[PDB]
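Only one structure is covered here, and it is reproduced in the block below.
All residue numbers in this chain count up from 1 along the given sequence. We count ligands from 1, going down the list as the structure has it; atoms in each ligand are counted the same way.
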Amino acid sequence: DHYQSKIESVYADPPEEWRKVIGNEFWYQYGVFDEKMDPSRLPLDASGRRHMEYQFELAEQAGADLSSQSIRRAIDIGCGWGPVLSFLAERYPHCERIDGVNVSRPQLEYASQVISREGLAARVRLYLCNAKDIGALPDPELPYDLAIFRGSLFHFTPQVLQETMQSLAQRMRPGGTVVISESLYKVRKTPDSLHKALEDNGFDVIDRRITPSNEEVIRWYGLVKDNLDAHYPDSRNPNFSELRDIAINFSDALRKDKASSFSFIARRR
Ligand SMILES: Nc1ncnc2c1ncn2[C@@H]1O[C@H](CSCC[C@H](N)C(=O)O)[C@@H](O)[C@H]1O
Ligand SMILES: CC1=C(C)[C@@](C)(CC/C(C)=C/COP(=O)(O)OP(=O)(O)O)[C@H](C)[C@H]1C
């Protein structure tokens with residue numbers, strides 16, 4: 001993968017710096033802003049966690065096997081700073097093995113400290129590994145029950161996507177659940193291109209909808225940009241600048257309804 005070096009370097013700044021920008025829980029793929037969002041926590045932390053929850057409610061409603069004794073091994077593909085690793089360990093205390101995979105070393109070092117200081121090292125495993133290489137993860141005899149792609153697919157070429165889905169198919173039992181959040185154009189990736197790549201690789205889409213709303217995602221980018229303006233006004237950091245560019249330019253594509261955040265719940269055949 002020739003685009004990995006560019007992905008690694010864009011998430012390379014200190015967690016202390018990123019904390020000011022996206023929240024203390026480091027949720028980095030939008031948020032649901034409804035009556036079940038916690039009003040006590042930072043809007044970004046509460047909405048981001050509420051988005052993950054809402055997606056598991058959609059999955060459950062769509063007929064996915066997400067019961068306590070159905071989830072023995074989960075994988076978080078492009079796990080960022082690790083917010084979903086902690087969330088899975090709490091939602092599934094009897095899940096034996098939660099594997100995070102990421103290409104970003106600084107994200108995994110932070111995730112590693114959080115997992116450790118909350119005594120989750122027993123169950124949560126962190127791998128510096130391209131999503132296309134998940135076929136090389138340990139213990140192939142123990143299949144995946146659950147797979148999360150929270151905002152990770154944007155960074156994938158068609159080839160990496162293909163290889164990631166091939167590899168996950170081979171490592172995932174029939175009926176294992178795939179929970180995907182991604183921003184897609186409705187005219188890089190579209191709903192239909194992603195639907196195709198899933199169905200071409202042994203996955204059935206059982207729920208497919210806009211989530212969160214364009215209104216809510218615009219608001220989420222709002223909160224980020226306010227934090228970016230207050231902490232990095234003078235475009236000192238080229239990575240935070242590039243996030244400002246995206247917050248501005250994608251918010252406008254969302255305003256013109258040229259794109260949306262999509263939830264895809266799929267199921268291994
Ligand atoms: N090919 C690849 N293999 C593994 N991780 C990848 C990847 N391409 C992108 N990523 C990771 O995908 C993540 C996307 S950002 C989203 C982070 C996290 N899922 C969250 O929701 O908070 C980044 O951490 C990036 O390093
Ligand atoms: C987890 C996240 C993601 C998966 C991100 C990337 C959302 C996907 C987006 C907007 C990628 C930006 O694409 P691009 O640079 O082409 O934007 P344009 O110039 O409008 O075309 C967020 C940074 C973050 C919340």
> Excluding sequence neighbours, so at least two apart, what forms side-chain hydrogen bond (donor to acceptor under 3.5 Å, both in side chains) with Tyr11?
Replying inline: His155

>> Tell me whether the rings of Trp220 and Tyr30 are parallel (<30°), tilted (30 to 60°) or perpendicular (>60°).
In response: perpendicular

> Hey, are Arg97 and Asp139 close enough for a salt bridge, meaning a charged N less than 4.0 Å from a carboxylate O?
Replying inline: yes

> Which protein heavy atom lies closest to atom 26 (O) of ligand 1, and at what distance to 0.1 Å?
Replying inline: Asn102 OD1, 2.6 Å

> So which of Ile77, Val205, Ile265, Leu198 actually passes side-chain contact (heavy atoms from CB on, under 4.5 Å) with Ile180?
Replying inline: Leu198

>> Among residues at least two apart in sequence or on other chains, which ones pass ring pair (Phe, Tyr, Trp, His ring centres under 6.0 Å) with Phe26?
In response: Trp81, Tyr110

> Which residue owns the protein heavy atom closest to atom 7 (C) of ligand 1, what's the atom, and how far is it?
Replying inline: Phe156 CE1, 3.7 Å

> Taking the side chain from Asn214 and the backbone from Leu254, do they hold a donor-acceptor pair closer than 3.5 Å?
Replying inline: yes

> When you measure from atom 16 (C) of ligand 1 to every protein heavy atom, which one gives the shortest distance, and what is it?
Replying inline: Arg150 O, 3.3 Å

> atom 13 (C) of ligand 1: which protein heavy atom is closest, and how many Å away?
Replying inline: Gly78 O, 3.6 Å

> Considering only heavy atoms, which protein residues lie less than 4.0 Å from any atom of ligand 2?
Replying inline: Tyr28, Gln29, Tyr30, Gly151, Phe154, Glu182, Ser183, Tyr185, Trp220, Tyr221, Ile246, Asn249, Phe250

> What do you reckon, is CZ of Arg105 surrounded by more than 12 foreign heavy atoms closer than 6.0 Å?
Replying inline: no

>> Give the atom numbers and elements of ligand 1 that come within less than 4.0 Å of a heavy atom of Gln29.
In response: 21 (O)

> What is the nearest protein non-hydrogen atom to atom 22 (O) of ligand 1, stated with its residue, atom name and distance?
Replying inline: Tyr28 N, 2.9 Å

>> With heavy-atom distances below 4.0 Å as the criterion, list the atoms of ligand 1 near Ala131.
In response: 1 (N), 2 (C), 3 (N), 4 (C)

> Does any N or O atom in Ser152 lie less than 3.5 angstrom from one in ligand 1, N or O only?
Replying inline: no

> Counting distance only, does the side-chain N/O of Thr177 pair as donor-acceptor with the main-chain N or O of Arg267 below 3.5 Å?
Replying inline: no

> Partners of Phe87 by ring pair (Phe, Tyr, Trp, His ring centres under 6.0 Å), sequence neighbours excluded?
Replying inline: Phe56

>> I need the nearest protein heavy-atom contact for atom 14 (C) of ligand 1: residue, atom name and distance, please.
In response: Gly151 O, 3.7 Å

> Among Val103, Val101, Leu161, which residue places a heavy atom closest to atom 6 (C) of ligand 1?
Replying inline: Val103

>> Closer than 3.5 angstrom, by distance alone: can the side chain of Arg269 be matched with the main-chain N or O of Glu199 as a donor-acceptor pair?
In response: yes

> Nearest to atom 24 (O) of ligand 1, what protein heavy atom do you find, and at what distance?
Replying inline: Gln107 OE1, 2.5 Å

>> Among all protein heavy atoms in this structure, tell me which lies nearest to atom 17 (C) of ligand 1, with the distance rounded to 0.1 Å.
In response: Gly80 CA, 3.6 Å

>> If I apply the N/O under 3.5 Å rule, does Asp76 come out as touching ligand 1?
In response: no

> Under a 4.5 Å side-chain heavy-atom rule over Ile, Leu, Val, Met, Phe, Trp and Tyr, are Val217 and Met52 clustered together?
Replying inline: no

>> Taking 4.0 Å as the limit for heavy-atom contacts, which would you say applies to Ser181 with ligand 1: side chain only, backbone only, both, or neither?
In response: neither

> Would you say the side-chain atoms of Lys20 pair up with the backbone N or O of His231, donor to acceptor, closer than 3.5 Å?
Replying inline: no

> Does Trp27, backbone or side chain, put an N or O under 3.5 Å from an N or O of ligand 1?
Replying inline: no

> Can you name the nearest heavy-atom pair linking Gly80 to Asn102, along with the distance?
Replying inline: O-ND2, 2.9 Å

>> Does the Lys NZ or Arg CZ of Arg73 fall within the cation-pi geometry relative to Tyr144 - under 6.0 Å from the ring centre and within 45° of the axis?
In response: yes

> Under 4.0 Å from any heavy atom of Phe26, which atoms of ligand 1 are there?
Replying inline: 22 (O)

>> Using a 4.0 Å cutoff against the non-hydrogen atoms of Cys129, which atoms of ligand 1 qualify?
In response: 3 (N), 4 (C)

